[PDB]
Structures are given as C-alpha cells and as structure tokens.
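Keep in mind that the numbers below use all heavy atoms, side chains included, and drop hydrogens, waters and symmetry copies. All chains are named by letter (A, B, ...) in the order of the sequence lines, taking the proteins before the strands, and each is independently numbered beginning at 1.
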Number of protein chains: 2
Amino acid sequence: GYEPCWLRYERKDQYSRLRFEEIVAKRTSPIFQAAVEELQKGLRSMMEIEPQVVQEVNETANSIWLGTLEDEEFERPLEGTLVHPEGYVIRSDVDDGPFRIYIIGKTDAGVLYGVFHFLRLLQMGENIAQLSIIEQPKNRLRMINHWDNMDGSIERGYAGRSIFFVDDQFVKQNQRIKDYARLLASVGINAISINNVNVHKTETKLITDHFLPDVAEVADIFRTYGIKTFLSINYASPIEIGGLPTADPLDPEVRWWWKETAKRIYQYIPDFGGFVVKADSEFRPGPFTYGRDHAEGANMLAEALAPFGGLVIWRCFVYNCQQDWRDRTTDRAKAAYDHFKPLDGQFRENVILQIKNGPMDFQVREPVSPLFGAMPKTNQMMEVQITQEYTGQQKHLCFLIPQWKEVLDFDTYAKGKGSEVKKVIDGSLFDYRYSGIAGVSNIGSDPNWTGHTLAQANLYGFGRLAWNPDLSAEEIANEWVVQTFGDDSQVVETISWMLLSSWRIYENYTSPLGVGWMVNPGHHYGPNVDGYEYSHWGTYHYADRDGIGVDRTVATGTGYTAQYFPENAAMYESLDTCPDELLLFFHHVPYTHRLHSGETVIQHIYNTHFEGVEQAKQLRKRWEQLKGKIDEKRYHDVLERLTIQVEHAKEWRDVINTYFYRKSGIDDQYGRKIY
Amino acid sequence: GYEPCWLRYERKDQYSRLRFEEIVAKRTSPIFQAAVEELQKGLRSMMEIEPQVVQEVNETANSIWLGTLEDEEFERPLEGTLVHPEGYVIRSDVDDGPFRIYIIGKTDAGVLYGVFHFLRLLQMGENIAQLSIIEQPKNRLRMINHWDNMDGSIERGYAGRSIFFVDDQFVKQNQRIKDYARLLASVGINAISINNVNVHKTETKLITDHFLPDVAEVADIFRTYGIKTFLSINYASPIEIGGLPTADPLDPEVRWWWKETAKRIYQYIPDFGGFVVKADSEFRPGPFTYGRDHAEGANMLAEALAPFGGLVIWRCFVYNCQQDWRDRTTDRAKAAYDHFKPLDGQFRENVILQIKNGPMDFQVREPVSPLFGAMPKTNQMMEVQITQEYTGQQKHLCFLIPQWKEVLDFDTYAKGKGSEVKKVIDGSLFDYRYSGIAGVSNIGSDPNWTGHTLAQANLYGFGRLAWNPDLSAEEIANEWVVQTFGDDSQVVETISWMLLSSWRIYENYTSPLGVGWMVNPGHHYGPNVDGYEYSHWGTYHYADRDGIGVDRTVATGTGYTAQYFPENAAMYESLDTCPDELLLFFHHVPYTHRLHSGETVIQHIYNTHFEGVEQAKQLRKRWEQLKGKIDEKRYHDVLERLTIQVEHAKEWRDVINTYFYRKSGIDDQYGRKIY
Ligand SMILES: O=C(O)[C@H]1O[C@@H](O)[C@H](O)[C@@H](O)[C@@H]1O
Ligand SMILES: O=C(O)[C@H]1O[C@@H](O)[C@H](O)[C@@H](O)[C@@H]1O
C-alpha cells in the first residue's frame, strides 16, 4: 500500500552476498525482538539468507551477535568507551575462524540503532570484512511533532491525510504505524508527539480515559522501536474537560487536576514522554489568560509530570498576532527573546523551551533565533519544519538539510568562538539535562508518505542531522539516494545535485534577500507580495516606490540586532557588512543600493527570479535524463511535480518582477520579459 | 423571538382611532384568508378593535370590504381600469351613511397587496376619510433569491444562519417562515428561490421525492401570501442523482429525465415557479461542459417545464474565472454581453436571462450591465444583491436603494431616449412575456433578521422599487422609518438622512472612482488593495507608481465601451467626458490627472478616504442624539454597529492612503496623517 522509502533492502547480485548461519540474540526484550526482526528482514531481502536466531553463540558458525555490554564474554576497549545510552559499536571479529559481526549497544535501543546502521552499510554496498565502528547520538531528544487532527486532516499537511486518526478516532490496526516506527528508528528518532499543537475539542480528550487506551496501543508500537510518545495539550483542559472554573496554574485545584491527569496517563503508558505545549499563541490559551508568566505555567505542568519522569516541551512561538501594521516600533522578530530571556533560571529542570530555527515563522530564509545561546540556565531544543509550509509544500523540490546545517553551524559566540547552535541544543555548551531537536512531520497517507517522492530525503536527513549535526549534506544525500534509487553513478550524482541545489533554486524565485513572506494568505502557497502587508500578523516588507526592507537596526530601527551577541549584532547592524542574503531582514534600503554581489537590490530581484525559473527547468531536464534508470511509477511521480514546479515558478517570477517594476519603475538590465 | 420589522402595527393614541364593525370578506380562498387575518391583526394592534368577519355587507355597519371585481355589486370606473392581475383599488365610499372602505383586487393577490397598503396608510397616520387609490405593479416577477445551504450556512450571509434549513434538513414548523412571507408580501414580493445558486450535494436532491414533501410544505405557506416557489438546480443532476452517463442537454435520455423530474415536482407543487440556474460559472457545471451553448441548455429545461407553466431563470453571471492576470486583452466586464448577446432570438419564451446590475460582481459602484437593452427578443430580469457582500456586510450601514435607482433610471438609448433599464426589465420596452427583478436575500436567523437593524430598510426598499421603480428613495426611507421607528420628526429626519447618505459614505472610504475591489480575498470584507491584483478572477486595477485604472476604451483598451449604445459609449470612451465616479473603471490615468471636481486622482483618493471617516463618525453622532426616542435594545444594537463601522472605516482610510502614498509618492495636499 505504501513505499518502503529508504528501507528497500534491494536484492543483491551474486557477487555481493554475505555468508551467515546464525543471529545471536542475547536478550529477548521487545526492542531486541524488533532489532532481530529487522535484521532477518533485511538479510532475507538483500542476501536471500535466513540465519537461525539463537541466544548462545555457536563457535564454529558464521554469525551476527547482538547484545549489550553486560552480555559480552569479553568487554573490549572500543565498546568500553561508550557513554551514551543509545550508543553502539559494530566490529568484525579479527579471529581467522568463522566470520563474526558484533553489534554491541550500551542499551537495547543502541542495539537497534546498530542493527539499522549495519543494514545501511549493506544497502550502500560497503565492505564489512573489517568493520570497527563507534556511534553515539549528539542530541538526547530527537523528536518528530505531528500536526495531525483527529478528523483526519493535517494542519499544513501536504502529503495526504493522517495515518493516526480518522473520523474523530484512531485508525484501528496499525501496520502502517509499525512501518512508520521502523522508518523513524532507522534514522534514530526517539520521540514523537502524535497530535496537532493546535489542540481542538476532540483532541483535548486525548489525555482522558476515553482515548488513553488508543493512545497506549500506539505508544506500545513506538516503544518497541525505542520511541517515547508525547501528547500536545490544551492548556485550558481543567476547564474544558475537568469542569473547573479556571485553568490558572496557581490555582490549587488546577494544580491538583494536572497531577491527577499525569498519574492517570502513566497508568496507561508508564514511560509516557510528556506534553508539548503551544500556549498564549495565535489565540490559543495559556498562563497569560490568567495573568501568569510562562515559568509559572510550565512549572505547574512540570511538577505534575516530575514524579513520573515526564517532560514539558514548552514552545516559544509566542508573539503579538494582533499587531497594528502602522506600528513600526513593534517587531515580531523580537518577541520570543523578549518573552523568554527574562525567565532564564526560573524553570523546573524537566521543562524544555522549544524554539523554531528563526524568530519569525519557518520562512525560506530567516536569521537564527537569538534565544539560542541566551539562556544558560534553561534547557533548549530547536524546532524545524520538515513539512514545507513556506518552502514549496512538496510541490516544489526543497531539500532542507543545507538550511538546517547553516542554522546548526551558526556561531552564537555565547561563550566566545565555538558556541554553535548545535552545541547549545546538544546540551554540551551549557550542560543541559535535556535538550535536542524536533521536526514538524512531512508525512501523510499518500503511498509515497511525503507527497513529493524526493521529500522523503527531508525526513531521512532530519534524523541523520539529529543523530549527528556534523554530517555533511553531501553524505546525507548520498546515503538517501543510494538506498532509495540505487547506485548507478549517474542516478546518484544527478539526484544528489538536484537535492543539494533545490533550496537555493526555490529561494531564488520567491522572497528576496531574507525579507520573507510575499505568500498568499491562508494556505501560504504561491506569490502575493502584499499578501499580509496590511494585516495584523507582524509580517511586513515596507516596499514603496523607492525601496524595501525592515529596519531592525539599533541605530534607526527596531533594535532587533541587539538580541545577538556583539560579534553577530555588529555584522547585522552595519549596512556594509550585513550579508546580502539577509539584507532586507535587517535593513530598509533603496532599490539602487548595491549588494556585495555588485547587483543593485532591484536588479538582484529580477536576476534571481528569471534565473531561478531557468534552474527549475534544469532540475526537470536532469531528472528526465534518468528515464530508464528509475522505475516508471516513481519516475513519473517526480516528473509530474517538477513540471508543476516549473509552471509555478514562472508565476512567482512574473508576479514578483511585475510588482517590483510597478513600484520601482526600474527596468531589467538585460531587457527580459516583465509583464 | 424576532422583530416585526416594519409591520409593528403600534397601538395608536385615542385621537387616531377608526370605527369599524365588520370586515366583509367576499371570498374564502387561502390568500383572502391570509388578507383577512392580516387586517384583523393590524386593526387589533393599532386600533384596539376586533370587527366581525362576514361575507355579505350589513348596510348600516361601518365596514371594510374585500373582494375582486366579480364580487362587486357595482363595478366603478376606477377599478374598471385595472389591467394587472395583482392590481387593486382602495376607495372610501362617498355616501353619507356608514363609513365604508373598499379594497378591490383584480385577483386575490391584489386584495392582499391592497390590505397591506391600507395597513401601511394606518401605520403612517394617513387620513383615510376620502381615499381614492389605484396601484398596479410594474414588474411581473418581484423575486428574492436565497443563498442558503442545507447545512444551515448562508453563502455571503451576514445575518445569522438559514431560517429554512439546518443539519441537512428542513427546519420543522415554520412560524418564522410564515412571518417572513408576511414581510415579503407586505412589499409585494411574489416569488422566491429557497436555496443557494451554488447547489451542493444535499441540495441537489431538493428536486427528488426525498425532499419534495418538505419543499411543498414551505411552498404551501408562501402560496398563501401570493408567492411562487422556485428551486436552484444542479445542471449535472441527470448524472448525480439520475445515474445517467452525461448531462448533455441534447442527449435524448437527459431531456426525458428533466421532463420526468418536472412532472414529479408539479405533482407535489402544482404552481411551482421553476428553476434558477447558475451554469458554466465559477466551476459550476453547465452546457459548456458538453460543448453546447446556453440557448440549447436553457431551452431543454424550458421544454421540461413548459407543459406546467414553469420558468427557467438562467443567470448571466458567466466569465473566465481562470484569467491570466498578464493578459490585458481579456476583460471580465465584457464576458456576459459577449456570451449572451449572440444568442438573442434563440431562447424559448419561458426562459428569462437574469443579469446582475453591473458586468463585474456587485461592487460598491459599477456601470450598468450592457446586456440591458441589447436583446429585444429575449426576456430579461435584473439581479441585485441585498446582502451586502461588497458594501459593508451589514457591519457598515449601506442603504442600497439610491444605487438601484441609478441603475433603474439609466437610459440605455436602446430605442433612443427613454429606454431606461426599468423599461427593459418591466417588459414594456420590448414587450417581454416574463421579466422583472430579483434580489439576493439579506436575512438570516438573527432576531433582527438582517444583522444590522437598519439593513431591514434594504429588504423593504427592494420590494417597493420592484413594485414601482419610480418611487423616490426619499419616500421609501420615509415609509420605512416611520413604520419601524415612529413619527417623531427628529427620528424621521435623522434616520432618513443616515440612510440616504450611507452608500456615498461607504464608497468614499473604499475603492475610488469606480475601479472596484481592493477587498480582502475569501470573505471579501475590508481593505486589501492588491488582494486579487495578481489572481485569476479578472479583477485588476493596474495601479503602478505613475497611475491607475482599467483601460476599457475602444481606442487603446479592451473595447468594453462599444457594448453600450452610441450615446453612452461615447460618454465613457472619452477621457474628458467620462464621469468621475466611473473614471477608473474605463480609463487608465496618471495620478495627476484632474477630475471634473478639480481634484487630481490621487488627491481625490486621499480626500474621500479622510472625509468618509469623518462622515461615518457623523452617522454615529446623529444616531446618538436619538437616545431616549428609540427603544434601548435597538438603540444599542445599531450603535454597536456604527462604532464597528467607524473603527473599520479608519482601517480602510489608512490602508488605502498608505498604499497609494507608497506607490505614488505624492503627499496629501492638506498635510493630514498618512502612515
Ligand atoms: O508553529 C505554529 O504553531 C504555527 O506555525 C505556522 O507556521 C502555521 O501557519 C500554523 O499552522 C502553526 O500552528
Ligand atoms: O453570483 C454568484 O453566483 C457569486 O457572486 C459573488 O459575488 C459571490 O462571491 C459568490 O458567493 C456567488 O456564488
């Protein structure tokens, strides 16, 4: 019914087989059982072998051994250096006898991640005669957030309907949820929230007996793949389901009601991860409704979960969603830092502030949120958007891994040089107890799971970066393409090229120089330069007949640059050093202002919009050269979306070029067609 | 549960009573019974009298006599001149004996309209000692179109939910539908379509046995008040409910299926009015879907209804709803004439083309649709929009009667001078068998029926103009206000002033000089200059840094002016004679172009937007001076909307002024505040 994505386990030829007679499973916990089952599946499918599962080694049998440190006869120095619970070692025995592969995990989940790594090696055709591998995740939380509603819709879902819910209930049975867990665990994802952060009427009851048995069945499947389950919650639940007159977190009965709710959930799900919370945002209720701050409001929930080891993931996407467009002092980009930096040191230790990559809202380019690096005493995790709300909605190709690496490698200088975002959220810089990264799911019930076949690369790559942010975009694309489309070197170079250039191509024909937006309101797809320009969401470009851009300087504008540490604040504050790609985010400038590229701002706009369309056509041409080397169905699936992309890109190009010709009155340098 | 609107029948003082002992009802048909009942109701409520109903006159009793010509002992010369079936005469007997009032109708419905006229006279405090009145409607069809959906919603409904439907069924019982019929009949409305022109899945079945008993119960109530019932239909019904493979009107089985459907409906409703049809518009299905023209498609339905006397009301709101904004040759304003003028002479005589007042879509100002006067061989009726989709959505006050009179009195010169639109649609100019006017309903389940209490004036005035287009706006406002709020001369002058100036006030702060639109897409409420400017609906202003407007001239633009007869075409074709209020509909001009008013276009925009807000404040101030002379509830109801209006008007003013300062770079002459 659906694609295997990157877990194809394609049958090898006769020159690429392995000889094994036994799999040694030293434990029989559900996680180990899932790990053995994946190994049997991959070996049968790739190697056409079915080794017998045993729980003690046969000293003359060729085998793969699965165990933790405490199951080892001899604990060797490599595995002895593991410190992370989900770490593992893979090593080939250097005896001249039988062939042995040891997969040694610090814990059961480490064996599962090691089993997927070993199968990854086989899919990629790597020689395993002499493996010596050690792997430990850098981020403790490696999470997916679902925006799924129980009516089956998905908020900002471009890949079909919910695979969890339909008709205000759980889908019964679950085979697809198991394969989804396999996919998530294969790239190391260890946590999931199954319901929309906008928690509506039915979804509020997910924390009540009416639905907890269903929640628990889903949690049972994920637990087997090392994944902890979370629920997004309605902060006003004490009123809406508890019959309380208030949801004030300082009200004693409210506090008790959340404690009782927590106790009840842990009776159904003893390892429940915790709650995700959108509060006091976009008209969703929160502590502010009762005159309290977010430390008071998070802490109350945190105390309810604390006896059970749960976590509060408190989202920092908070801002004035009723801004007066006339008010040029108010800057939405400043809101999250101004709201949360003052609260550093006031939160309970099982609270994690979840912060999007940028301070606005997942635009094709945004500078990094200044909150990263600014709260040494508070756990932080980054939120990225795998579903492409403003990056093409899986109609346009957009591999997001390069952008995420830019954010992850951005140096905040919080503790001087070498204070990259990745060190903030991996908890090493400030010693955070809990931290990491989360991504808003791009899947849905479409058979290819992500809408665009090539958007599978974004779910894959999210997981790889969450495991190790230092992985290059090039090697992540290489692994994904080889596993999903095979190892033909023309196929590999071509799709890797498409992926790696796709984000830049889409940026080129959409909003210029980091100013964001210029999208149709509502569904957010396609060009509309003035779409929100006189609205109340805080999203303005201020374009007029002379110039464009948001003045966020301290010298003459909103002062947003001061939220950065001095090295970055100065870079952005000055007109002459601000990087071109963010210029209009930080400065209001005349259309004739000359960029570092030598282009005027206006001619830059024309150039990237004309040239972006030419690059999308090139994306399609290169895919077409792969006909015959890709199966017909996926070939045509992707080709159809690239053609949709090329046609829509022409619209972006012409709407933006005409808008700006109409305003600026300045013609294209090269005389190209502006309507 | 709801307001009586203009049928308050307020108790008179002791110096304003009438003495009657009998009502003489010469017939006992349902219409007469409804007429007697209304007279008893009004006399009891106003006069505190309950004359006995009798069916033969008592020669010594003071009485009101109700009958048709054939019930008269003596048929007098006045009533003898009646020719229209719904005409009536009211005359006081000039005998010195008992007091007698005769209400003599050409038919039963004429007696009902005469009964409402007589009660209108009493409400207004007129001396009835010596009445001699003759009244005959000018428009044969005086119709209301409902945009009600069976889920209870109303498309472009700003006055609550449907009073007909809820939960995909009919509301059972019906008292409110009876009072609604009383209101419609009091202003002479004689036809109604109860369901949205956009006919969705459930609504398609309104022509099937599953719902026809319900339709018929509603039709029974309306029939008693002289109103014929119509249904809007889904042109694709032969496929969606009939199981046919096509809905091609030339397919023999499709033709038969509509004949059978017509026969079945007339078994439930023997005087069924007919069908309203939106076809080949806004993605709704029609003949074009099968490669046929609208004469072929209307005629097929017309033949199905013909044996039963039904009518096909075929809407002319047809256009390219997938226009390329780049294509400046295509002009949505030309579409209806180009589609239907070629078909003159091809339609069956029980087809009526229903044409909106203007060629775009009910904007605050549009020139008159050129189809009026252009089809001597085809019945035409005009469609107006009583619900205020683009004229303030009943948040802003907008009495539409002055605009409708401008359209009605517009001289097409189709047969030389004196070829006003009103003569086209009343059928006198071309001898149409069936013709008239329809209005899209502004009511809903709100207790005050129209959302804005003062929008009741629009339903009232629609009906009065449909009866007699020559009535002045001043006397319609005077009648409505006196009946709804009483006769205090400060109350009367004030509300009449508010009504009569409201449309101009709202135009002043919305789109300038007839160009239309500049509304938020989707719900269509409030300012958004570029809202549809790069969309596919054909609605562009072409504003740039130098100028604005649609060039619809023959000399250099779309040639739309040529659709008018020569006298109007030349007026609009020339830059110097085109009236200011339509200038940007017809010409693209520089912001510095000087109007007949002496204003430049840009300064005109600034002036009317600043001054419009000052006029809305004045609307509120004048209503406030009426406190104490209006009941508290309606006083506060209206005041709340006027305050909403004033605040929203400030938004319109500032968004449009800033947009145009940003584009034009030209400051306000007077130095007023432009953000
Ligand atoms: O992050 C959030 O909560 C919000 O992000 C926006 O990008 C999106 O339009 C919303 O659907 C969502 O609820
Ligand atoms: O007249 C029509 O059919 C259409 O008129 C528009 O003014 C309105 O936006 C639509 O809701 C409607 O269906």
Side-chain angles (χ1 to χ4, degrees), chain A residues 322-330 510 517-537 539-549 588 590-591 602 609 647-648 650-667 673-675, chain B residues 322-330 510 517-537 539-549 588 590-591 602 609 647-648 650-667 673-675:
Chain A
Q322 283 165 127
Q323 190 173 336
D324 185 346
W325 60 265
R326 300 174 192 63
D327 167 26
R328 275 212 207 181
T329 70
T330 291
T510 52
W517 304 101
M518 304 186 178
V519 297
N520 276 303
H523 55 72
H524 291 163
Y525 183 73
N528 190 331
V529 174
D530 269 14
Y532 283 122
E533 186 62 9
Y534 298 88
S535 188
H536 55 94
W537 299 96
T539 58
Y540 314 115
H541 51 65
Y542 306 109
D544 64 18
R545 71 205 308 276
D546 298 315
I548 179 172
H588 189 84
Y591 293 124
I602 187 63
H609 290 75
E647 296 300 301
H648 200 225
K650 291 171 174 166
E651 191 70 9
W652 272 103
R653 169 196 65 198
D654 294 339
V655 172
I656 270 61
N657 286 348
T658 293
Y659 181 97
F660 281 106
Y661 177 76
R662 285 185 184 160
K663 207 150 246 196
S664 70
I666 296 164
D667 202 14
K673 178 66 177 187
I674 300 184
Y675 294 91
Chain B
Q322 283 165 127
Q323 190 173 336
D324 185 346
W325 60 265
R326 300 174 192 63
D327 167 26
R328 275 212 207 181
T329 70
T330 291
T510 52
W517 304 101
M518 304 186 178
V519 297
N520 276 303
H523 55 72
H524 291 163
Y525 183 73
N528 190 331
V529 174
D530 269 14
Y532 283 122
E533 186 62 9
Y534 298 88
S535 188
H536 55 94
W537 299 96
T539 58
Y540 314 115
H541 51 65
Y542 306 109
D544 64 18
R545 71 205 308 276
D546 298 315
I548 179 172
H588 189 84
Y591 293 124
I602 187 63
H609 290 75
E647 296 300 301
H648 200 225
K650 291 171 174 166
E651 191 70 9
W652 272 103
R653 169 196 65 198
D654 294 339
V655 172
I656 270 61
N657 286 348
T658 293
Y659 181 97
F660 281 106
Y661 177 76
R662 285 185 184 160
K663 207 150 246 196
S664 70
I666 296 164
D667 202 14
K673 178 66 177 187
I674 300 184
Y675 294 91

Practice item. Would you give the length of the straight line joining atom CG of B:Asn520 to atom OG of A:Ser535, rounded to the nearest 0.5 angstrom? Key: 7.5 Å

Review point. Got a donor-acceptor contact below 3.5 angstrom from the A:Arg326 side chain to the B:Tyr675 backbone?
Key: no

Check your understanding: Hey, are the side chains of B:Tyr542 and A:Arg662 touching, using non-hydrogen atoms and a 4.5 Å cut-off?
Key -> yes

Point to revise | chain A contact via B:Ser664 - which portion, at a heavy-atom distance below 4.5 Å | key: backbone

Review point. Heavy-atom distance under 4.5 Å to chain A: side chain of B:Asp654, backbone, both or neither?
Key: both

Review point. If you take all heavy atoms of A:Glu651 and B:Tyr534, which pair is closest and at what distance?
Key: OE2-O, 4.2 Å

Point to revise | Carboxylate-amine/guanidinium contact A:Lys663 B:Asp544, below 4.0 Å | key: no

Study note, to complete from the structure: Value for CD (A:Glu533) from OH (B:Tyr659), rounded to nearest 0.5 Å, stands at 11.0 Å

